[PDB]
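Have a look at the structure below, then the notes.
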There are 2 protein chains.
Amino acid sequence: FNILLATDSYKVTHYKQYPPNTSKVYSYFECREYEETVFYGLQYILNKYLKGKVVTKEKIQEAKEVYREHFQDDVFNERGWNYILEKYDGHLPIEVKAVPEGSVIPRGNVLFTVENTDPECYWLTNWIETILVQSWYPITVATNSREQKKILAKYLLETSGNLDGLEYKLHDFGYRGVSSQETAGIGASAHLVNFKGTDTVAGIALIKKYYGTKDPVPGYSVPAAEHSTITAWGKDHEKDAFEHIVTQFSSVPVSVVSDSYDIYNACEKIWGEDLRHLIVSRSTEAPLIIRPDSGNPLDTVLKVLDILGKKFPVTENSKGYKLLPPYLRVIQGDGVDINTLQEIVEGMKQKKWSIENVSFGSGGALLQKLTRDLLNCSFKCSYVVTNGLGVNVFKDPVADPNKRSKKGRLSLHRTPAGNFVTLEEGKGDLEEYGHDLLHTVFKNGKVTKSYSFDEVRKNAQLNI
Amino acid sequence: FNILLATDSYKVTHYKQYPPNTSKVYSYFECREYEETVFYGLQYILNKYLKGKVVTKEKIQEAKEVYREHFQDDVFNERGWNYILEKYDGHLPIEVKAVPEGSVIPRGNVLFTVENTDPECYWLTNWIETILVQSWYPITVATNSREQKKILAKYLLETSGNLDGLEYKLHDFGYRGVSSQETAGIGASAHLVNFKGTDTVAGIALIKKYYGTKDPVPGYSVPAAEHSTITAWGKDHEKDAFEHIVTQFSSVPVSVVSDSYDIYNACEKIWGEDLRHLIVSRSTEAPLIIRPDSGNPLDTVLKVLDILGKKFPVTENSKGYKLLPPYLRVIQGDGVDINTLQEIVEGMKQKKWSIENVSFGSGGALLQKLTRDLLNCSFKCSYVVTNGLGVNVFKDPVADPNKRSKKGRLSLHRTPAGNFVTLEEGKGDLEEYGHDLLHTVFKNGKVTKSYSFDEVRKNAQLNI
């Protein structure tokens, strides 16, 4: 990996576009005005991509060649990178300040800032924009995942009286549905800020390498069937597949996909009649989890629950909501996103079904159907020093007031009523509020402030 | 990278779930039910992740450890992996057959197949589903991009005599809008199947390492300003910023973002009056490219063109469409996707503007807004051998006919009228439809057939 290469190609030419005698470029990141945002992921990028000796003579040579053919011209500035190699032993003369990892922060607030610490490296601030802006993805995943937890929290507490096992209510099925291997690890780790359930163990490895956990089980999964594992038995032998699978996993939880041919036949006749004797004997810590995977998500879940309620003992909990026996649950792992999740739990509630009966899985929508625009994650220059004089800078496009950026040196503060305010134009120096909530996390090639994933999770906790 | 870790965690348990006495699992990939897709990206995955000695004693031990805690139980199949290590020196006993890289194939067709070559490794076929299915992404990016090229082609041909410079009409701005560094490389490579413009040089690195090309210039970019290099001058000094940038890049094409404060003032007063004398002196090989970046994308382009047509000499084409001077062009890089691109170009046509005036740029919509659901990319088991008997296998959910999978052994064939058919149930063995269009590309740890990026581009050409 070459950091000289890991930027928007046109930024190669930017060192020549700044006002002459510019010694300082100061830039910031915000989720421009999902009213709250989980700040997560910078620490990964800092350690993996920016830390330590990132400049070498070889990497400078490679970039020279690569940009020579890309631009069909020598626009690449060797001198600027030679300077960093020679004066700082390839360590980047940059200071990064950020709110704590896991922080839940209202939109339109400064989340991190970037400035050069050496006047010669004024151009460096915006060179690393591209790599740092990719922090939008872990942020958006963690945020969207948290918003789903809120809906589940509301309805679980409504229908059961507590939040027991909330952190297991949404499983990450996103591995195959993401754009790459690196994305799966990043996105799975972000989901894990909020829940424990994941089919992507690369997320666990990212957590341990870059954050660290104390607790013994950072993320979990259970044995589960897939379509090939049922259909391989042949159309006429679905019961045989079911019986074989639950006996192989008699002592542990097992998820079994039940819609290969006819979900409602599988629930009523196979699970509820033919194999009913093998279900009712199961332990509370080893339920059968039936997984429908097609049709309208609400209509299916409702009819599934109706069928099971007619074949198995149903209790009514203290909140007046119907409950399956402890050895039998449902997972809805198809068509679940923040919108449909809400419709399912509400529909369940309306039909007097407790949310403890059903857990959820999401894939493409949880990890892939997300963009920069969702939270308007943006990096902008707000402050420069030219001819030894500070200048507050900004954009303010005439046709779009939502695209206006903040001016001058920024700081984040706690207000008297416990809310947040970003102070612009260096007004943080007035000390009318407490201290700036941003900490220096990176300075001169070194990570200077870090958080465990135990701290991240704690920071991202719901407010109950 | 450990291939034992790069699967959906539940698949670790599937060796215990297939019918006893299974010696073969045969699975296929399709874009189920955007009527035609570009098959691109499998070669990358095969070379990076699947070829050679991918199993070592250390990787088996790591997986053992990782999976023990993830499952709270020792379900990981150490026996199967040790067999591959010991018998095949860590090389995977699978055969993969695929349509040529770059192939444009209608929906509903088999694009690749996977099966084990050793009876003991029946479980291996679907172990690698997850990694292989991530093919969806370069496929979907290659397809959506090709579809955008078709719109541009249609309208360029309509308003101009021809297709000159089509391969430069859509620039990839997606680097900061994608989920990771790896995605940025894969996605930019996929765009480069159809166009030449990219700001992500990682796309070019992927090309050369994994496909290779004899073209001396596979991807390009030009000098471009960003908001920071304009705003850093101060609001009162936008003209100074413009003048400085165009003079620094007097002899090469330069893109200059012009909406910092007021796009329409920039075009009418700054470019059109104060700096007009610096623009009209430019070479045809070195135009000023004005970049609006806010407001309604069609309304802004139309007003920009109207303004510029009033300050600069306009000629009418042989096709009757209006044309800016060769030293002056526009790039629209905000809010562009397949739907809005069509609306912009149609609105331009209605106002008698040639498409040669405006080129485009897309970011998150081009490389990130896309999902596996867009082309229904899916991997399914279609055939097994149990007790030495072949079994044609499929799923067919009662509530969703669109989710039914294909049966038995598959082959892709040219029909007499020049179209495509996928033959199911081994029917390709009746030589009624010519040779199988799928070729073995991987067998027993070796890539057996590979394509240059020159072949990919040729294969993916538009049919004019």
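Just so you know, the numbers here start at 1 and follow the chain as drawn.
How was it done? The header gives X-ray crystallography, 2.1 Å.
Note that Cβ sites are derived from N, Cα and C of the backbone, with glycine treated the same way.
Straight from Swiss-Prot, the features:
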- B:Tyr168: phosphotyrosine (MOD_RES)
- B:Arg176, B:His227, B:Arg291: diphosphate binding site (BINDING)
- B:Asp199, B:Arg291, B:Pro292, B:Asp293, B:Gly333, B:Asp334, B:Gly364, B:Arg372: beta-nicotinamide D-ribonucleotide binding site (BINDING)
- B:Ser452: phosphoserine (MOD_RES)
- Task: Would you work out the biggest C-alpha to C-alpha distance among B:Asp199, B:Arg291, B:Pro292, B:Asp293, B:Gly333, B:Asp334, B:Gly364, B:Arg372, the residues that bind beta-nicotinamide D-ribonucleotide according to the record, and give it in angstrom as a whole number?
- Result: 32
- Message: Could you tell me the whole-number distance in Å between the Cα atoms of B:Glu33 and B:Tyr34, where 12 residues in between were not modelled?
- Response: 10
- Message: To the nearest Å, how far is the Cα of B:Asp199 (beta-nicotinamide D-ribonucleotide binding site) from the Cα of B:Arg176 (diphosphate binding site)?
- Response: 10
- Note on the structure: Sequence-ordered, the recorded positions among B:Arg176, B:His227, B:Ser452 whose CA is within 10 A of the CA of B:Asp334 (beta-nicotinamide D-ribonucleotide binding site) come to none
- Message: Cβ within less than 8 Å of a chain A Cβ is the test here; which of the recorded positions B:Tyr168, B:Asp199, B:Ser452 meet it?
- Response: B:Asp199
- The recorded positions listed are B:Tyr168, B:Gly333, B:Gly364, B:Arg372, B:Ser452; by CA-CA distance, the one closest to B:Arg291 (diphosphate binding site) is B:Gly333
- Residue among recorded positions B:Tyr168, B:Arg176, B:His227, B:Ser452 with Cα closest to the Cα of B:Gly364 (beta-nicotinamide D-ribonucleotide binding site): B:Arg176
- Which residues does B:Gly333 (beta-nicotinamide D-ribonucleotide binding site) neighbour through Cβ under 8 Å, counting only same-chain ones at least six apart? B:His171, B:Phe173, B:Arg291, B:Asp293, B:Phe360, B:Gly361, B:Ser362, B:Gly363
- Query: What is the interatomic distance between the Cα atoms of B:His227 (diphosphate binding site) and B:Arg372 (beta-nicotinamide D-ribonucleotide binding site), given in whole Å?
  - Reply: 34
- Query: Out of B:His227, B:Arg372, which of the binding-site residues is least crowded by other Cβ atoms within 10 Å?
  - Reply: B:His227
- Most Cβ neighbours inside 10 Å, all chains, among the binding-site residues B:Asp199, B:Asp293, B:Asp334: B:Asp199
- B:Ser452 (phosphoserine), DSSP three-state class -> coil
- Task: For the residue listed as 'phosphoserine' and B:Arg176 (diphosphate binding site), determine the Cα separation and express it in whole Å.
- Result: 28
- Cα distance, B:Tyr168 (phosphotyrosine) to B:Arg372 (beta-nicotinamide D-ribonucleotide binding site), nearest Å? 27
- Around the Cβ of B:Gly364 (beta-nicotinamide D-ribonucleotide binding site), how many other Cβ atoms lie within 10 Å? Please give the count over every shown protein chain. 20
